[PDB]
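Basis for what follows: all heavy atoms, side chains included, without hydrogens, waters or symmetry-related copies. Heads up: numbering here begins at 1 and tracks the sequence.
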Amino acid sequence: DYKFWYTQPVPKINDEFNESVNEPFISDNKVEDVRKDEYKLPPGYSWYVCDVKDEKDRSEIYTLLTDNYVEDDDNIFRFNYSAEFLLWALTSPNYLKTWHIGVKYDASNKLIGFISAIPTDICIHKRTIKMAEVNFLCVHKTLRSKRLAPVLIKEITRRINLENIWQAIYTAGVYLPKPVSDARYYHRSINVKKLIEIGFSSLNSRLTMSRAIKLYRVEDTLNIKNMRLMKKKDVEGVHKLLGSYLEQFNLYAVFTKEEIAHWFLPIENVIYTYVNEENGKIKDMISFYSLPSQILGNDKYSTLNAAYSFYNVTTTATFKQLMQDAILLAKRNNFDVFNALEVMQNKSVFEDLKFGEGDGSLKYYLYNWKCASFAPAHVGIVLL
Ligand SMILES: CCCCCCCCCCCCCC(=O)CSCCNC(=O)CCNC(=O)[C@H](O)C(C)(C)COP(=O)(O)OP(=O)(O)OC[C@H]1O[C@@H](n2cnc3c(N)ncnc32)[C@H](O)[C@@H]1OP(=O)(O)O
Ligand SMILES: COc1cccc(Cc2nnc(-c3sc4ccccc4c3OC3CCNCC3)o2)c1
Ligand SMILES: [Cl-]
Ligand SMILES: [Cl-]
Ligand SMILES: [Mg+2]
């Protein structure tokens with residue numbers, strides 16, 4: 001019934017809009033009218049302002065997500081974003097501490113809830129809008145189905161509106177009103193014995209262990225011999241290469257040079273970016289972020305080490321040769337699997353590079369924005 005979602009400026013389950021429609025649900029919003037009072041929490045619960053730059057606050061958020069965040073459809077895996085990933089994800093340029101919102105249970109003084117936003121310029125159907133990207137919504141497992149989530153959502157909405165920002169972007173595995181795009185995820189095995197042992201992957205009588213291993217073997221040589229970790233000097237080159245590539249899509253963030261530096265400069269165990277420089281010019285780029293999963297109840301392994309395709313552009317190779325190199329660089333950095341969504345040009349290489357179709361899909365939503373939906377090939381933004 002979406003008793004909560006139907007009260008919000010998002011499309012109804014049956015709404016479809018033509019390609020020309022591209023506008024807010026509610027316009028002419030006035031900052032001066034935004035409620036100034038915090039949304040009421042149940043008795044015994046309080047808002048808490050997280051300082052993600054403070055290691056101990058950051059560690060509380062970490063512990064909350066580790067224990068209570070998103071699981072795969074069979075509840076075999078749970079996302080285990082690292083503390084250093086959270087810091088990177090949450091302190092991008094012009095970020096507001098005030099958009100990093102915790103809920104504590106007063107008597108234990110423990111964090112039981114969290115939601116966060118960061119500001120981003122989003123171009124939707126060629127209109128660039130100041131938006132907030134919402135992420136890390138989490139309610140403790142002991143407190144599910146008590147309608148806390150709408151309170152967290154209303155409170156971040158109010159705080160976003162205070163900054164005169166009226167649109168948001170978010171992604172979920174769950175179906176809500178109403179996705180502007182739906183993207184399946186696909187997986188390319190690197191450490192197949194491990195994937196076989198934890199049941200990320202399966203064998204049959206055609207496919208013995210040694211045959212599966214051979215299938216997914218890769219040559220330890222790049223197609224683009226000079227692909228190297230990105231360095232500060234490459235920032236303008238990356239801003240030029242990526243900013244222009246992205247113009248082609250129907251939904252993409254507009255990056256400043258300061259954002260390109262934040263989002264791409266390598267950080268071990270968080271973000272990996274490689275570039276191919278041809279006489280001072282950045283001609284190709286590969287990026288992926290590190291997002292391990294906790295393996296629940298497996299005697300041998302605790303962690304699934306996984307690389308997540310971020311942004312990839314080539315002008316000197318084929319997209320297939322570029323993504324092959326992506327897989328090889330993931331393998332070199334001890335990732336067990338390389339994951340991609342069917343956005344941008346990615347689907348075109350999945351068959352040949354031996355990706356398998358996953359279990360489900362990631363839905364893209366906008367808040368307070370009416371437009372035509374589109375196939376995932378036209379989505380040019382990957383969230384964290
Ligand atoms: C202008 C700026 C605007 C700013 C805001 C933009 C919008 C941002 C929206 C947020 C974007 C986040 C993106 C992001 O973080 C990435 S998607 C990951 C969300 N987190 C998880 O899945 C972690 C594990 N699950 C949980 O922690 C709980 O199940 C959560 C807290 C998800 C729901 O708590 P609960 O204890 O299970 O449920 P109740 O409290 O009783 O509440 C039920 C209501 O919550 C609706 N619900 C459930 N999951 C949702 C989800 N993933 N988005 C939006 N709504 C969701 C549900 O449909 C229902 O409403 P309805 O009755 O209408 O159907
Ligand atoms: C293997 O462990 C898990 C744990 C929880 C949920 C899943 C299912 C799933 N839920 N979202 C995604 C994916 S696959 C992928 C590939 C490339 C880039 C992004 C993603 C992605 O979602 C990202 C971004 C949105 N927030 C979650 C991670 O995958 C698998
Ligand atoms: Cl209300
Ligand atoms: Cl392990
Ligand atoms: Mg609840």
Side-chain angles (χ1 to χ4, degrees), residues 35-71 78-120 131-144 146 148-163 165 168-172 258-259 261-263 265-271 289-294 302-303 308 383-384:
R35 298 184 73 97
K36 303 186 207 159
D37 52 323
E38 291 178 324
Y39 274 91
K40 185 205 187 282
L41 283 162
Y45 301 86
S46 293
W47 300 108
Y48 178 70
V49 149
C50 308
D51 183 355
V52 68
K53 287 188 178 182
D54 179 86
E55 172 285 317
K56 177 151 189 185
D57 270 6
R58 185 164 65 258
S59 85
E60 286 191 305
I61 292 159
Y62 171 76
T63 296
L64 174 76
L65 297 173
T66 302
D67 296 338
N68 304 279
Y69 203 48
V70 179
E71 294 181 0
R78 186 172 323 107
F79 282 150
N80 191 194
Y81 292 87
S82 79
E84 172 114 296
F85 191 112
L86 300 176
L87 169 65
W88 172 70
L90 286 183
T91 59
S92 49
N94 303 322
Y95 91 82
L96 292 100
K97 188 170 165 178
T98 194
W99 288 5
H100 300 159
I101 303 171
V103 172
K104 281 202 186 165
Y105 180 56
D106 302 337
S108 60
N109 188 47
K110 295 321 267 277
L111 189 68
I112 61 74
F114 186 75
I115 191 176
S116 77
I118 54 155
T120 181
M131 294 201 211
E133 184 172 298
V134 178
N135 211 344
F136 307 109
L137 172 58
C138 182
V139 168
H140 195 278
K141 278 179 185 270
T142 64
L143 297 166
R144 301 281 175 82
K146 293 145 72 69
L148 293 162
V151 188
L152 275 166
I153 299 159
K154 304 181 279 196
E155 177 60 11
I156 207 157
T157 297
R158 188 189 69 74
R159 298 192 191 184
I160 283 161
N161 297 163
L162 289 170
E163 292 316 299
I165 291 178
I169 189 174
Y170 46 110
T171 51
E258 293 68 32
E259 297 172 307
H262 181 89
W263 290 115
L265 278 169
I267 306 169
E268 179 91 293
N269 304 137
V270 175
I271 179 67
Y289 60 77
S290 170
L291 175 37
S293 289
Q294 180 178 355
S302 61
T303 307
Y308 286 66
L383 298 195
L384 305 172

Indicate every side-chain donor-acceptor pair of residues 83-99 with a distance under 3.5 Å to a residue at least two apart or in another chain.
from, atom 1, to, atom 2, distance (Å)
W88, NE1, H262, O, 2.9
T91, OG1, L87, O, 2.7
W99, NE1, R159, O, 3.0

Listed partners of [X] passing side-chain contact (heavy atoms from CB on, under 4.5 Å), at least two apart:
{"X": "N161", "result": "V34, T157, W166"}
{"X": "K141", "result": "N68, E71, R78, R144"}
{"X": "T66", "result": "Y62, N80, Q294"}

Considering all heavy atoms, the nearest [X]-[Y] contact:
{"X": "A132", "Y": "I165", "answer": "N-CG2, 4.1 Å"}
{"X": "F79", "Y": "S293", "answer": "CD2-OG, 3.8 Å"}
{"X": "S59", "Y": "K56", "answer": "OG-O, 2.6 Å"}
{"X": "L137", "Y": "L152", "answer": "CD1-CD1, 3.7 Å"}

Output a table of donor-acceptor pairs, distance under 3.5 Å, between side-chain atoms of residues 109-116 and any protein atom two or more places apart or on a different chain; print 'none' if there are none.
from, atom 1, to, atom 2, distance (Å)
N109, OD1, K104, NZ, 3.4
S116, OG, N135, O, 2.8

Quick one: [atom1] on [X] to [atom2] on [Y], what's the gap to the nearest 0.5 Å?
{"X": "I169", "Y": "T171", "atom1": "CD1", "atom2": "OG1", "answer": "8.0 Å"}
{"X": "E259", "Y": "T120", "atom1": "CD", "atom2": "OG1", "answer": "5.5 Å"}
{"X": "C138", "Y": "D67", "atom1": "SG", "atom2": "CG", "answer": "9.0 Å"}
{"X": "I160", "Y": "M131", "atom1": "CD1", "atom2": "CE", "answer": "12.0 Å"}
{"X": "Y308", "Y": "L291", "atom1": "OH", "atom2": "CG", "answer": "4.5 Å"}
{"X": "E60", "Y": "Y48", "atom1": "CD", "atom2": "OH", "answer": "5.5 Å"}

Please name all residues satisfying salt bridge (charged side-chain N to carboxylate O under 4.0 Å, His left out) with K146, sequence neighbours left out, ordered by chain then number. none
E55 with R58: basic N within carboxylate O range, under 4.0 Å: no
Report the C-alpha distance between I271 and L265 in whole Å, list the side-chain angles of each, state the deciding distance to 0.1 Å, and finish with yes or no for side-chain contact (heavy atoms from CB on, under 4.5 Å). CA-CA 7 Å; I271 179 67; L265 278 169; over 6 Å; no
So with a 6.0 Å cut-off around OH of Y105, is the heavy-atom count from everything else above 12?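 Not more than 12 within 6.0 Å, no.
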Indicate yes or no: at least one non-hydrogen side-chain atom of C50 is less than 4.5 angstrom from one of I101. no
Beyond-backbone contact of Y289 with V270, side-chain heavy atoms, under 4.5 angstrom: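 A side-chain contact is absent here, since even the closest heavy-atom pair is not under 4.5 Å.
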Evaluate side-chain contact (heavy atoms from CB on, under 4.5 Å) for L41 paired with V151, printing each intermediate quantity in order. CA-CA 7 Å; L41 283 162; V151 188; 3.8 Å; yes
Partners passing side-chain hydrogen bond (donor to acceptor under 3.5 Å, both in side chains) against [X] (at least two apart in sequence or in another chain):
{"X": "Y170", "value": "none"}
{"X": "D106", "value": "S46"}
{"X": "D37", "value": "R35"}
{"X": "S108", "value": "none"}

